[PDB]
Structure formats: structure tokens, C-alpha cells
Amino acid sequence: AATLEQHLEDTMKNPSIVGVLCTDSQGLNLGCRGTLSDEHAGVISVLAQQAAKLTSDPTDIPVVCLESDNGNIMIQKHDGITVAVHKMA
């Protein structure tokens, strides 16, 4: 949805954000930085899609969070664009 390169860069500027990645409903790697890359784009797209099935949205689009001891991967769709962010704790 419009340009997105600039957003990837600003987001990475955060010192706890070590990865960012954007995909769509198709799993197209629309741009990634850091810890997240091509082999991750597909699973990330699938997760957001699968999570959306857990509601018939009150316009209620979920955030999927994979929580580990070290950090988190946060995944949200907005809109037709799926954004994953890998944070350190």
C-alpha cells in the first residue's frame, strides 16, 4: 500500500528491533531487513492469515505474537500488507 521502504528503515532504527518484514496474502517478500528474510516471509504470511480465521471481525484484526525468552515476533495485517517485527526484550 504505497511505498514502504522508508518504514522498514525507520523501524529498524529502534535499537531493540532486529528484524522487520512485509508480505501480503500471497507471501511475496515485499521487503525485509535484519533477522527476517525470504525463508520467513511465507510462514509469516500464513500465520496472519490463519489468525484472521479466529474471528468474524468486529473489524477485529489480531496481532500474532510468538514470545521467546529473548524477544518477540509481532505480526499484523494492515492492509493486504502483513508486517512482522522482531524485537529483543
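Don't overthink the numbering: it's just position in the shown sequence, from 1. Just so we're on the same page, rigid core means the largest C-alpha set that superposes within 1.5 Å between forms.
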Exercise for the section: Could you check whether 38-46 or 59-67 drifts more from the shown form in 4 other deposited structures of this protein, using RMS Cα distance once the core is superposed? Expected result: 59-67
Problem - RMS Cα shift after core superposition in 4 other deposited structures of this protein, winner of 71-79 and 20-28 - result: 71-79
Completion exercise
Once average C-alpha B-factors are taken from the entry for 60-68 and 27-35, the winner is 27-35
Completion exercise
Entry-reported C-alpha B-factor of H7 relative to its chain, by third, is highest
